[PDB]
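> The following block contains the structure, expressed as structure tokens.
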Amino acid sequence: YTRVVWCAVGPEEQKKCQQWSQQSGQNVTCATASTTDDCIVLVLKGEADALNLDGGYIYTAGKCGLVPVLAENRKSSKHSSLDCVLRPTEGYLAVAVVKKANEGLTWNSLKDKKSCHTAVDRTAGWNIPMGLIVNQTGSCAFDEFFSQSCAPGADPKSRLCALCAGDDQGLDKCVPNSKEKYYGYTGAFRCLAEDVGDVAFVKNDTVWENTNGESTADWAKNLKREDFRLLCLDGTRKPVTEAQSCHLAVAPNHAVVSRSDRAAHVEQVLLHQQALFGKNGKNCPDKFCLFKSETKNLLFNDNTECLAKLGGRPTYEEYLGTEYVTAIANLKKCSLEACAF
Ligand SMILES: *[C@@H]1O[C@H](CO)[C@@H](O[C@@H]2O[C@H](CO)[C@@H](O[C@@H]3O[C@H](CO)[C@@H](O)[C@H](O)[C@@H]3O)[C@H](O)[C@H]2NC(C)=O)[C@H](O)[C@H]1NC(C)=O
Ligand SMILES: *[C@@H]1O[C@H](CO)[C@@H](O[C@@H]2O[C@H](CO)[C@@H](O)[C@H](O)[C@H]2NC(C)=O)[C@H](O)[C@H]1NC(C)=O
Ligand SMILES: *[C@@H]1O[C@H](CO)[C@@H](O[C@@H]2O[C@H](CO)[C@@H](O)[C@H](O)[C@H]2NC(C)=O)[C@H](O)[C@H]1NC(C)=O
Ligand SMILES: CC(C)/N=C\[C@@H](O)COc1cccc2ccccc12
Ligand SMILES: [Fe+3]
Ligand SMILES: [Zn+2]
Ligand SMILES: [Zn+2]
């Protein structure tokens, strides 16, 4: 009680966690796994308490009895009167992004192109676009739709991993952690920016955060918003300013999950942790900021303003929404209920 073990995915999340652990006075400690699924297993066993998950994994976790505790909440124009912790979460926009110079590439001509996914089983990077594609083609052969992909977490020797690059040394090709060059929102967008892939499946925010000087990372320094287009489902292409009307779906925010028996305790610690290291935390800019990691989205997305209370004490199914749960169920038919472990 009062002590929470956080599960870090990969070495860079471990390093961030160790620092947070140090600054928390060991009120938070760290477990590390190579994959998010392994972190989920550590939580089930009771060897870790919590990690922040994409909605695709909240679905995995939820079937195993884990619960949403607090959600990532980003910058808002509406509800602005309300305190961030009490403000409802809005959801992010899942988009398909292409290079402008790649003229005449539309939603309807993606077959045999090269693709960049955040990771297998993630909302924007996988579940939404491949759910749409399985539906549209009436085929479960989503391994044969694109000529080559980087989809971290797929078989490293299938074409779904052909475009993945591994780490500094070429090791760890296609691992679903940040050692993979093209892992996650930032990695998938980089995959597109370097013209390894033709399309990246990311969220609206990723384009903005890595273009027009917002990043300063060497691959992203010279990236310009006007050089990218969104692919809409009507066959159109739009500027990245038109995400409201050109997206694949609205995605439930990333959320902290814990075993239901630990939820209350995890919630209490985390609220106090963000008072100290969150956006206006006592200690953030000065000693440690929970929600920064130079564009890398380690443990939390860099654009998190705060972690919000849920309210309505939602199950994972109500948190994800029936719309999203049925999408995943339908897609998982290709690869009807149980915990995977
Ligand atoms: C790909 O297609 C599948 C199969 O249709 C989609 O599942 C279908 O989509 C709709 C939208 O969620 C579901 O209909 C709804 O269901 C409830 C009660 O059934 C109803 O009250 C709603 O107003 C709405 O009519 C439908 O259940 C579902 N069909 C099946 C067989 O499950 C799936 O969503 C698609 N995948 C993606 C990413 O679009
Ligand atoms: C580690 O956790 C303990 C217990 O929650 C914290 O101790 C409390 O600190 C606050 C602020 O200093 C006080 O108002 C309480 O009276 C303390 N006692 C309790 C409730 O046990 C401690 O601050 C935490 N350390 C860090 C740096 O996060
Ligand atoms: C797409 O994402 C971007 C980046 O998150 C959003 O632009 C931000 O909007 C907030 C408040 O709405 C502003 O205060 C920020 O300055 C913007 N960020 C940057 C870096 O430009 C944009 O609103 C999103 N669009 C949609 C349709 O959701
Ligand atoms: C008690 C419940 C209803 N309240 C908190 C959560 O459900 C919020 O979850 C959600 C978070 C983000 C997007 C979402 C889209 C549809 C439905 C729920 C979403
Ligand atoms: Fe996501
Ligand atoms: Zn919409
Ligand atoms: Zn409920």
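Chain lettering (A, B, ...) mirrors the order of the structure tokens, residue numbering begins at 1 for each chain separately, and ligand numbering begins at 1 in order of display.
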List the neighbours of residue A:39 out to 9 Å using only C-alpha atoms; skip same-chain residues closer than 4 positions along the sequence, and give me the result as a ChimeraX atom specification.
/A:7-9,31-35,43-44,48,50-51
> Could the residues that lie within 8 Å of ligand 2, counting only C-alpha atoms and all ligand atoms, be listed as a JSON list (two decimals) with C-alpha atoms, in the first residue's frame?

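Now in part12.json:
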[["chain", "number", "residue", "atom", "x", "y", "z"],
["A", 2, "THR", "CA", 1.24, 3.41, -1.20],
["A", 3, "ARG", "CA", 3.85, 1.52, -3.33],
["A", 23, "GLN", "CA", 12.36, 10.94, -7.93],
["A", 24, "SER", "CA", 9.30, 9.27, -6.31],
["A", 25, "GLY", "CA", 11.40, 8.05, -3.34],
["A", 26, "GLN", "CA", 10.54, 4.49, -4.39],
["A", 27, "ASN", "CA", 6.81, 5.18, -4.09],
["A", 269, "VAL", "CA", -0.75, 6.85, -5.92],
["A", 272, "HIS", "CA", -0.43, 12.15, -6.16],
["A", 273, "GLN", "CA", 2.37, 11.29, -8.61],
["A", 276, "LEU", "CA", 4.32, 16.23, -8.39]]
> Output as CSV one row per residue of chain A within 9 Å of ligand 7: the closest atom pair and its distance in Å to one decimal place, counting only C-alpha atoms and all ligand atoms, sorted by chain and residue number ascending.

residue,atom,partner,partner_atom_place_in_ligand_line,distance
A:312,CA,ligand 7,1 (Zn),5.7
A:313,CA,ligand 7,1 (Zn),5.8
A:314,CA,ligand 7,1 (Zn),4.5
A:315,CA,ligand 7,1 (Zn),5.9
A:317,CA,ligand 7,1 (Zn),8.8
A:318,CA,ligand 7,1 (Zn),6.4
A:319,CA,ligand 7,1 (Zn),8.7
> Next, dump the selected residues to file, keeping only N, CA, C and O atoms, as a compact mmCIF listing (two decimals), in the first residue's frame.

# COMPACT_ATOMS: atom_id res chain seq x y z
N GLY A 312 -18.40 6.87 -13.84
CA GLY A 312 -19.30 5.93 -14.50
C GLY A 312 -18.71 4.57 -14.23
O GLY A 312 -19.17 3.57 -14.77
N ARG A 313 -17.69 4.56 -13.37
CA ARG A 313 -16.82 3.41 -13.10
C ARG A 313 -16.88 2.34 -14.18
O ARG A 313 -17.35 1.23 -13.94
N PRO A 314 -16.38 2.67 -15.39
CA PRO A 314 -16.63 1.86 -16.56
C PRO A 314 -15.86 0.55 -16.58
O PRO A 314 -14.71 0.49 -16.14
N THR A 315 -16.47 -0.49 -17.12
CA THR A 315 -15.74 -1.70 -17.44
C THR A 315 -14.85 -1.37 -18.66
O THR A 315 -14.91 -0.24 -19.20
N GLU A 317 -15.13 -2.67 -21.51
CA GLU A 317 -16.03 -2.71 -22.67
C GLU A 317 -16.78 -1.41 -22.86
O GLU A 317 -16.98 -0.96 -23.99
N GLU A 318 -17.20 -0.83 -21.74
CA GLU A 318 -17.79 0.51 -21.74
C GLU A 318 -16.75 1.59 -21.97
O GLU A 318 -17.08 2.64 -22.52
N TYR A 319 -15.52 1.38 -21.50
CA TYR A 319 -14.46 2.32 -21.78
C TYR A 319 -14.12 2.32 -23.28
O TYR A 319 -14.04 3.36 -23.89
> Please build the interface table for chain A against ligand 5 with a cut-off of 12 Å, listing for each qualifying residue the nearest atom pair and the distance in Å to one decimal; count only C-alpha atoms and all ligand atoms, order rows by chain and increasing number, and write it as JSON lines.

{"residue": "A:52", "atom": "CA", "partner": "ligand 5", "partner_atom_place_in_ligand_line": "1 (Fe)", "distance": 10.6}
{"residue": "A:53", "atom": "CA", "partner": "ligand 5", "partner_atom_place_in_ligand_line": "1 (Fe)", "distance": 8.0}
{"residue": "A:54", "atom": "CA", "partner": "ligand 5", "partner_atom_place_in_ligand_line": "1 (Fe)", "distance": 4.6}
{"residue": "A:55", "atom": "CA", "partner": "ligand 5", "partner_atom_place_in_ligand_line": "1 (Fe)", "distance": 6.3}
{"residue": "A:56", "atom": "CA", "partner": "ligand 5", "partner_atom_place_in_ligand_line": "1 (Fe)", "distance": 7.5}
{"residue": "A:57", "atom": "CA", "partner": "ligand 5", "partner_atom_place_in_ligand_line": "1 (Fe)", "distance": 9.2}
{"residue": "A:58", "atom": "CA", "partner": "ligand 5", "partner_atom_place_in_ligand_line": "1 (Fe)", "distance": 10.3}
{"residue": "A:72", "atom": "CA", "partner": "ligand 5", "partner_atom_place_in_ligand_line": "1 (Fe)", "distance": 10.8}
{"residue": "A:91", "atom": "CA", "partner": "ligand 5", "partner_atom_place_in_ligand_line": "1 (Fe)", "distance": 9.8}
{"residue": "A:92", "atom": "CA", "partner": "ligand 5", "partner_atom_place_in_ligand_line": "1 (Fe)", "distance": 8.1}
{"residue": "A:93", "atom": "CA", "partner": "ligand 5", "partner_atom_place_in_ligand_line": "1 (Fe)", "distance": 9.4}
{"residue": "A:94", "atom": "CA", "partner": "ligand 5", "partner_atom_place_in_ligand_line": "1 (Fe)", "distance": 8.3}
{"residue": "A:95", "atom": "CA", "partner": "ligand 5", "partner_atom_place_in_ligand_line": "1 (Fe)", "distance": 11.2}
{"residue": "A:117", "atom": "CA", "partner": "ligand 5", "partner_atom_place_in_ligand_line": "1 (Fe)", "distance": 10.8}
{"residue": "A:118", "atom": "CA", "partner": "ligand 5", "partner_atom_place_in_ligand_line": "1 (Fe)", "distance": 8.1}
{"residue": "A:119", "atom": "CA", "partner": "ligand 5", "partner_atom_place_in_ligand_line": "1 (Fe)", "distance": 9.5}
{"residue": "A:120", "atom": "CA", "partner": "ligand 5", "partner_atom_place_in_ligand_line": "1 (Fe)", "distance": 11.1}
{"residue": "A:121", "atom": "CA", "partner": "ligand 5", "partner_atom_place_in_ligand_line": "1 (Fe)", "distance": 9.6}
{"residue": "A:122", "atom": "CA", "partner": "ligand 5", "partner_atom_place_in_ligand_line": "1 (Fe)", "distance": 5.9}
{"residue": "A:123", "atom": "CA", "partner": "ligand 5", "partner_atom_place_in_ligand_line": "1 (Fe)", "distance": 5.0}
{"residue": "A:124", "atom": "CA", "partner": "ligand 5", "partner_atom_place_in_ligand_line": "1 (Fe)", "distance": 5.5}
{"residue": "A:125", "atom": "CA", "partner": "ligand 5", "partner_atom_place_in_ligand_line": "1 (Fe)", "distance": 7.3}
{"residue": "A:126", "atom": "CA", "partner": "ligand 5", "partner_atom_place_in_ligand_line": "1 (Fe)", "distance": 9.4}
{"residue": "A:127", "atom": "CA", "partner": "ligand 5", "partner_atom_place_in_ligand_line": "1 (Fe)", "distance": 9.9}
{"residue": "A:128", "atom": "CA", "partner": "ligand 5", "partner_atom_place_in_ligand_line": "1 (Fe)", "distance": 10.3}
{"residue": "A:183", "atom": "CA", "partner": "ligand 5", "partner_atom_place_in_ligand_line": "1 (Fe)", "distance": 11.9}
{"residue": "A:184", "atom": "CA", "partner": "ligand 5", "partner_atom_place_in_ligand_line": "1 (Fe)", "distance": 8.4}
{"residue": "A:185", "atom": "CA", "partner": "ligand 5", "partner_atom_place_in_ligand_line": "1 (Fe)", "distance": 7.7}
{"residue": "A:186", "atom": "CA", "partner": "ligand 5", "partner_atom_place_in_ligand_line": "1 (Fe)", "distance": 11.3}
{"residue": "A:188", "atom": "CA", "partner": "ligand 5", "partner_atom_place_in_ligand_line": "1 (Fe)", "distance": 11.9}
{"residue": "A:201", "atom": "CA", "partner": "ligand 5", "partner_atom_place_in_ligand_line": "1 (Fe)", "distance": 10.2}
{"residue": "A:202", "atom": "CA", "partner": "ligand 5", "partner_atom_place_in_ligand_line": "1 (Fe)", "distance": 7.8}
{"residue": "A:203", "atom": "CA", "partner": "ligand 5", "partner_atom_place_in_ligand_line": "1 (Fe)", "distance": 7.3}
{"residue": "A:204", "atom": "CA", "partner": "ligand 5", "partner_atom_place_in_ligand_line": "1 (Fe)", "distance": 10.8}
{"residue": "A:205", "atom": "CA", "partner": "ligand 5", "partner_atom_place_in_ligand_line": "1 (Fe)", "distance": 10.8}
{"residue": "A:206", "atom": "CA", "partner": "ligand 5", "partner_atom_place_in_ligand_line": "1 (Fe)", "distance": 10.7}
{"residue": "A:249", "atom": "CA", "partner": "ligand 5", "partner_atom_place_in_ligand_line": "1 (Fe)", "distance": 11.6}
{"residue": "A:250", "atom": "CA", "partner": "ligand 5", "partner_atom_place_in_ligand_line": "1 (Fe)", "distance": 10.4}
{"residue": "A:251", "atom": "CA", "partner": "ligand 5", "partner_atom_place_in_ligand_line": "1 (Fe)", "distance": 7.2}
{"residue": "A:252", "atom": "CA", "partner": "ligand 5", "partner_atom_place_in_ligand_line": "1 (Fe)", "distance": 7.9}
{"residue": "A:253", "atom": "CA", "partner": "ligand 5", "partner_atom_place_in_ligand_line": "1 (Fe)", "distance": 7.0}
{"residue": "A:254", "atom": "CA", "partner": "ligand 5", "partner_atom_place_in_ligand_line": "1 (Fe)", "distance": 6.2}
{"residue": "A:255", "atom": "CA", "partner": "ligand 5", "partner_atom_place_in_ligand_line": "1 (Fe)", "distance": 9.8}
{"residue": "A:297", "atom": "CA", "partner": "ligand 5", "partner_atom_place_in_ligand_line": "1 (Fe)", "distance": 10.9}
{"residue": "A:300", "atom": "CA", "partner": "ligand 5", "partner_atom_place_in_ligand_line": "1 (Fe)", "distance": 10.8}
{"residue": "A:301", "atom": "CA", "partner": "ligand 5", "partner_atom_place_in_ligand_line": "1 (Fe)", "distance": 9.3}
{"residue": "A:320", "atom": "CA", "partner": "ligand 5", "partner_atom_place_in_ligand_line": "1 (Fe)", "distance": 11.8}
> Atoms to include: C-alpha atoms. Write the selected residues as a PDB file, in the first residue's frame.

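Writing the result to again-v4.pdb gives the following:
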ATOM      1  CA  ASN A  52      -0.584   2.718 -19.597  1.00  0.00           C
ATOM      2  CA  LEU A  53      -2.072   0.943 -22.624  1.00  0.00           C
ATOM      3  CA  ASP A  54      -3.400   1.616 -26.071  1.00  0.00           C
ATOM      4  CA  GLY A  55      -7.072   0.624 -26.493  1.00  0.00           C
ATOM      5  CA  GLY A  56      -6.199  -2.453 -28.551  1.00  0.00           C
ATOM      6  CA  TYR A  57      -4.280  -3.808 -25.548  1.00  0.00           C
ATOM      7  CA  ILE A  58      -6.952  -2.602 -23.076  1.00  0.00           C
ATOM      8  CA  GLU A  72      -4.665  10.061 -20.692  1.00  0.00           C
ATOM      9  CA  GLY A  91     -10.656  10.313 -28.040  1.00  0.00           C
ATOM     10  CA  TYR A  92      -8.036  10.664 -30.752  1.00  0.00           C
ATOM     11  CA  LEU A  93      -8.404  10.462 -34.526  1.00  0.00           C
ATOM     12  CA  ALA A  94      -7.035   7.461 -36.349  1.00  0.00           C
ATOM     13  CA  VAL A  95      -5.694   8.662 -39.756  1.00  0.00           C
ATOM     14  CA  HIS A 117       1.907   0.404 -38.501  1.00  0.00           C
ATOM     15  CA  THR A 118       2.454   1.472 -34.899  1.00  0.00           C
ATOM     16  CA  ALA A 119       2.371  -2.215 -33.830  1.00  0.00           C
ATOM     17  CA  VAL A 120       0.135  -5.236 -34.297  1.00  0.00           C
ATOM     18  CA  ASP A 121      -2.965  -5.022 -32.022  1.00  0.00           C
ATOM     19  CA  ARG A 122      -2.906  -1.247 -31.582  1.00  0.00           C
ATOM     20  CA  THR A 123      -5.925   0.979 -32.360  1.00  0.00           C
ATOM     21  CA  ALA A 124      -4.714   3.463 -35.005  1.00  0.00           C
ATOM     22  CA  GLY A 125      -1.840   1.347 -36.303  1.00  0.00           C
ATOM     23  CA  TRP A 126      -3.612  -1.960 -36.683  1.00  0.00           C
ATOM     24  CA  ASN A 127      -7.175  -2.668 -35.469  1.00  0.00           C
ATOM     25  CA  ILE A 128      -8.902   0.181 -37.314  1.00  0.00           C
ATOM     26  CA  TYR A 183       7.718   1.235 -33.545  1.00  0.00           C
ATOM     27  CA  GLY A 184       4.777   3.258 -32.227  1.00  0.00           C
ATOM     28  CA  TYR A 185       3.240   6.522 -33.424  1.00  0.00           C
ATOM     29  CA  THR A 186       6.609   8.204 -33.974  1.00  0.00           C
ATOM     30  CA  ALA A 188       5.441   4.559 -38.026  1.00  0.00           C
ATOM     31  CA  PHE A 201      -1.384   4.464 -39.805  1.00  0.00           C
ATOM     32  CA  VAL A 202      -1.051   6.804 -36.877  1.00  0.00           C
ATOM     33  CA  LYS A 203      -3.201   9.356 -35.089  1.00  0.00           C
ATOM     34  CA  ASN A 204      -3.843  13.021 -36.024  1.00  0.00           C
ATOM     35  CA  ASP A 205      -1.521  14.409 -33.344  1.00  0.00           C
ATOM     36  CA  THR A 206       1.556  12.545 -34.620  1.00  0.00           C
ATOM     37  CA  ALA A 249     -12.237   6.352 -36.725  1.00  0.00           C
ATOM     38  CA  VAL A 250     -12.219   8.003 -33.299  1.00  0.00           C
ATOM     39  CA  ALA A 251     -10.039   6.040 -30.850  1.00  0.00           C
ATOM     40  CA  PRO A 252     -10.479   5.728 -27.096  1.00  0.00           C
ATOM     41  CA  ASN A 253      -7.593   7.293 -25.215  1.00  0.00           C
ATOM     42  CA  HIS A 254      -4.718   5.315 -23.820  1.00  0.00           C
ATOM     43  CA  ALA A 255      -5.439   4.407 -20.216  1.00  0.00           C
ATOM     44  CA  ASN A 297       6.091   8.689 -25.963  1.00  0.00           C
ATOM     45  CA  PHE A 300       2.797   8.034 -21.573  1.00  0.00           C
ATOM     46  CA  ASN A 301       2.179  10.039 -24.725  1.00  0.00           C
ATOM     47  CA  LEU A 320     -13.641   1.087 -25.301  1.00  0.00           C
TER      48      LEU A 320
END
> Identify, on the basis of only C-alpha atoms, every residue whose closest approach to stretch 132-142 of chain A does not exceed 9 Å; exclude the query and any residue fewer than 2 positions from it along the same chain; express the result as a count of residues only.
14
> Once you count only C-alpha atoms and all ligand atoms, which residues end up within 6 Å of ligand 3, and could you hand them over as a PyMOL selection string?
chain A and resi 75-77+204-205+208-209+243-244
> Emit the selected residues as a PDB file, in the first residue's frame, including N, CA, C and O atoms.

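Now in selection.pdb:
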ATOM      1  N   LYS A  75      -4.721  18.256 -24.375  1.00  0.00           N
ATOM      2  CA  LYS A  75      -5.231  19.627 -24.631  1.00  0.00           C
ATOM      3  C   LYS A  75      -6.653  19.726 -25.231  1.00  0.00           C
ATOM      4  O   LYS A  75      -6.976  19.062 -26.225  1.00  0.00           O
ATOM      5  N   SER A  76      -7.488  20.564 -24.618  1.00  0.00           N
ATOM      6  CA  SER A  76      -8.871  20.770 -25.066  1.00  0.00           C
ATOM      7  C   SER A  76      -9.256  22.243 -25.219  1.00  0.00           C
ATOM      8  O   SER A  76      -8.762  23.116 -24.487  1.00  0.00           O
ATOM      9  N   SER A  77     -10.147  22.503 -26.174  1.00  0.00           N
ATOM     10  CA  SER A  77     -10.748  23.828 -26.364  1.00  0.00           C
ATOM     11  C   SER A  77     -12.145  23.883 -25.719  1.00  0.00           C
ATOM     12  O   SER A  77     -12.508  24.884 -25.082  1.00  0.00           O
ATOM     13  N   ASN A 204      -3.956  11.639 -35.525  1.00  0.00           N
ATOM     14  CA  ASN A 204      -3.843  13.021 -36.024  1.00  0.00           C
ATOM     15  C   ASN A 204      -2.664  13.788 -35.418  1.00  0.00           C
ATOM     16  O   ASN A 204      -1.912  14.454 -36.138  1.00  0.00           O
ATOM     17  N   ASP A 205      -2.515  13.675 -34.101  1.00  0.00           N
ATOM     18  CA  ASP A 205      -1.521  14.409 -33.344  1.00  0.00           C
ATOM     19  C   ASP A 205      -0.077  14.176 -33.807  1.00  0.00           C
ATOM     20  O   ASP A 205       0.755  15.102 -33.802  1.00  0.00           O
ATOM     21  N   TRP A 208       1.234  16.555 -36.639  1.00  0.00           N
ATOM     22  CA  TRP A 208       1.508  17.864 -36.056  1.00  0.00           C
ATOM     23  C   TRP A 208       2.747  17.888 -35.155  1.00  0.00           C
ATOM     24  O   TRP A 208       3.500  18.853 -35.164  1.00  0.00           O
ATOM     25  N   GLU A 209       2.967  16.836 -34.376  1.00  0.00           N
ATOM     26  CA  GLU A 209       4.026  16.863 -33.373  1.00  0.00           C
ATOM     27  C   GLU A 209       5.398  16.644 -33.966  1.00  0.00           C
ATOM     28  O   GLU A 209       6.397  16.925 -33.324  1.00  0.00           O
ATOM     29  N   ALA A 243      -8.467  16.759 -40.478  1.00  0.00           N
ATOM     30  CA  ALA A 243      -8.658  15.508 -39.758  1.00  0.00           C
ATOM     31  C   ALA A 243     -10.085  15.288 -39.231  1.00  0.00           C
ATOM     32  O   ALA A 243     -10.544  14.143 -39.192  1.00  0.00           O
ATOM     33  N   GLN A 244     -10.773  16.366 -38.841  1.00  0.00           N
ATOM     34  CA  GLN A 244     -12.163  16.280 -38.374  1.00  0.00           C
ATOM     35  C   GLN A 244     -13.074  15.591 -39.372  1.00  0.00           C
ATOM     36  O   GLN A 244     -14.056  14.980 -38.995  1.00  0.00           O
TER      37      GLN A 244
END
> Let me make sure I understand: among A:337, A:155, A:112, A:323, which one has the smallest atom-to-atom distance to ligand 1 if we use only C-alpha atoms and all ligand atoms?
A:323
> Run DSSP on the backbone of this structure and report the residues of stretch 69-278 of chain A it assigns to strand (DSSP E or B), as a CSV table (one decimal) with N, CA and C atoms, in the first residue's frame.

chain,number,residue,atom,x,y,z
A,69,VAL,N,-8.2,2.4,-15.1
A,69,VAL,CA,-8.1,3.1,-13.8
A,69,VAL,C,-8.2,4.7,-14.0
A,70,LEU,N,-7.4,5.2,-14.9
A,70,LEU,CA,-7.3,6.6,-15.2
A,70,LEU,C,-6.9,6.7,-16.7
A,71,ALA,N,-7.4,7.7,-17.4
A,71,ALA,CA,-7.1,7.9,-18.8
A,71,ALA,C,-6.2,9.0,-19.1
A,72,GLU,N,-5.4,8.9,-20.2
A,72,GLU,CA,-4.7,10.1,-20.7
A,72,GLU,C,-5.7,11.1,-21.2
A,73,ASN,N,-5.4,12.4,-20.8
A,73,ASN,CA,-6.2,13.5,-21.2
A,73,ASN,C,-5.3,14.5,-21.9
A,74,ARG,N,-5.6,14.9,-23.1
A,74,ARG,CA,-4.8,15.9,-23.8
A,74,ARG,C,-5.4,17.3,-23.8
A,92,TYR,N,-8.9,10.1,-29.7
A,92,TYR,CA,-8.0,10.7,-30.8
A,92,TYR,C,-8.5,10.2,-32.1
A,93,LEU,N,-8.0,10.8,-33.2
A,93,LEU,CA,-8.4,10.5,-34.5
A,93,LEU,C,-7.4,9.5,-35.2
A,94,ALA,N,-7.9,8.4,-35.6
A,94,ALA,CA,-7.0,7.5,-36.3
A,94,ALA,C,-7.0,7.9,-37.8
A,95,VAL,N,-5.8,8.2,-38.4
A,95,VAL,CA,-5.7,8.7,-39.8
A,95,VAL,C,-4.8,7.8,-40.6
A,96,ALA,N,-4.9,7.8,-41.9
A,96,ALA,CA,-4.0,7.2,-42.8
A,96,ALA,C,-3.2,8.4,-43.5
A,97,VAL,N,-1.9,8.4,-43.4
A,97,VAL,CA,-1.1,9.5,-43.9
A,97,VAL,C,-0.2,9.1,-45.0
A,98,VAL,N,-0.1,9.9,-46.1
A,98,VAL,CA,0.8,9.7,-47.2
A,98,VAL,C,1.6,11.0,-47.5
A,99,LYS,N,2.6,10.8,-48.4
A,99,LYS,CA,3.3,11.9,-48.9
A,99,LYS,C,2.5,12.6,-50.0
A,114,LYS,N,3.4,-0.2,-49.7
A,114,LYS,CA,4.2,-0.5,-48.5
A,114,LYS,C,3.6,0.3,-47.3
A,115,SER,N,3.4,-0.4,-46.2
A,115,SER,CA,2.7,0.2,-45.1
A,115,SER,C,3.5,0.3,-43.8
A,116,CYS,N,3.2,1.2,-42.9
A,116,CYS,CA,3.8,1.5,-41.6
A,116,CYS,C,2.8,1.5,-40.5
A,117,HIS,N,2.9,0.6,-39.6
A,117,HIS,CA,1.9,0.4,-38.5
A,117,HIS,C,2.6,0.7,-37.2
A,148,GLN,N,4.7,-5.0,-48.6
A,148,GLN,CA,5.6,-5.0,-47.5
A,148,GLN,C,5.2,-4.0,-46.4
A,149,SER,N,5.5,-4.3,-45.2
A,149,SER,CA,5.1,-3.5,-44.1
A,149,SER,C,6.2,-3.5,-43.0
A,150,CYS,N,6.1,-2.5,-42.1
A,150,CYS,CA,6.7,-2.7,-40.8
A,150,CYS,C,5.5,-2.7,-39.9
A,199,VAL,N,2.3,4.5,-46.8
A,199,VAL,CA,1.3,5.0,-45.9
A,199,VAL,C,1.7,4.7,-44.4
A,200,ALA,N,1.3,5.5,-43.5
A,200,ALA,CA,1.5,5.3,-42.1
A,200,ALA,C,0.1,5.4,-41.5
A,201,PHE,N,-0.2,4.5,-40.5
A,201,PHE,CA,-1.4,4.5,-39.8
A,201,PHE,C,-1.1,4.9,-38.4
A,202,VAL,N,-1.4,6.1,-38.1
A,202,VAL,CA,-1.1,6.8,-36.9
A,202,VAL,C,-2.3,7.6,-36.4
A,203,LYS,N,-2.1,8.5,-35.6
A,203,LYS,CA,-3.2,9.4,-35.1
A,203,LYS,C,-2.9,10.8,-35.5
A,228,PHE,N,2.4,16.3,-46.6
A,228,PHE,CA,1.6,15.1,-46.3
A,228,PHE,C,0.2,15.3,-46.6
A,229,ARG,N,-0.5,14.2,-46.9
A,229,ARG,CA,-2.0,14.2,-47.1
A,229,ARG,C,-2.6,13.1,-46.2
A,230,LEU,N,-3.8,13.3,-45.7
A,230,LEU,CA,-4.6,12.3,-45.2
A,230,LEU,C,-5.4,11.6,-46.2
A,231,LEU,N,-5.6,10.3,-46.1
A,231,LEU,CA,-6.5,9.5,-46.9
A,231,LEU,C,-7.8,9.3,-46.3
A,237,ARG,N,-8.3,12.8,-50.8
A,237,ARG,CA,-7.1,13.2,-50.1
A,237,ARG,C,-7.2,14.6,-49.6
A,238,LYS,N,-6.9,14.8,-48.3
A,238,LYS,CA,-7.0,16.1,-47.7
A,238,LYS,C,-5.7,16.6,-47.0
A,249,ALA,N,-11.4,6.5,-37.9
A,249,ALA,CA,-12.2,6.4,-36.7
A,249,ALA,C,-11.8,7.3,-35.6
A,250,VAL,N,-12.6,7.4,-34.6
A,250,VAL,CA,-12.2,8.0,-33.3
A,250,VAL,C,-11.8,6.9,-32.3
A,251,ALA,N,-10.6,7.1,-31.7
A,251,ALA,CA,-10.0,6.0,-30.8
A,251,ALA,C,-10.1,6.4,-29.4
A,255,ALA,N,-5.1,4.4,-21.6
A,255,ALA,CA,-5.4,4.4,-20.2
A,255,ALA,C,-4.5,3.5,-19.4
A,256,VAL,N,-4.4,3.9,-18.1
A,256,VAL,CA,-3.7,3.0,-17.1
A,256,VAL,C,-4.7,1.9,-16.8
A,257,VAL,N,-4.2,0.7,-16.8
A,257,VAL,CA,-4.9,-0.5,-16.3
A,257,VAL,C,-4.2,-1.2,-15.2
A,258,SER,N,-5.0,-1.8,-14.3
A,258,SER,CA,-4.5,-2.6,-13.2
A,258,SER,C,-5.4,-3.8,-13.0
A,259,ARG,N,-5.0,-4.7,-12.2
A,259,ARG,CA,-5.9,-5.7,-11.7
A,259,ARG,C,-6.9,-5.1,-10.9
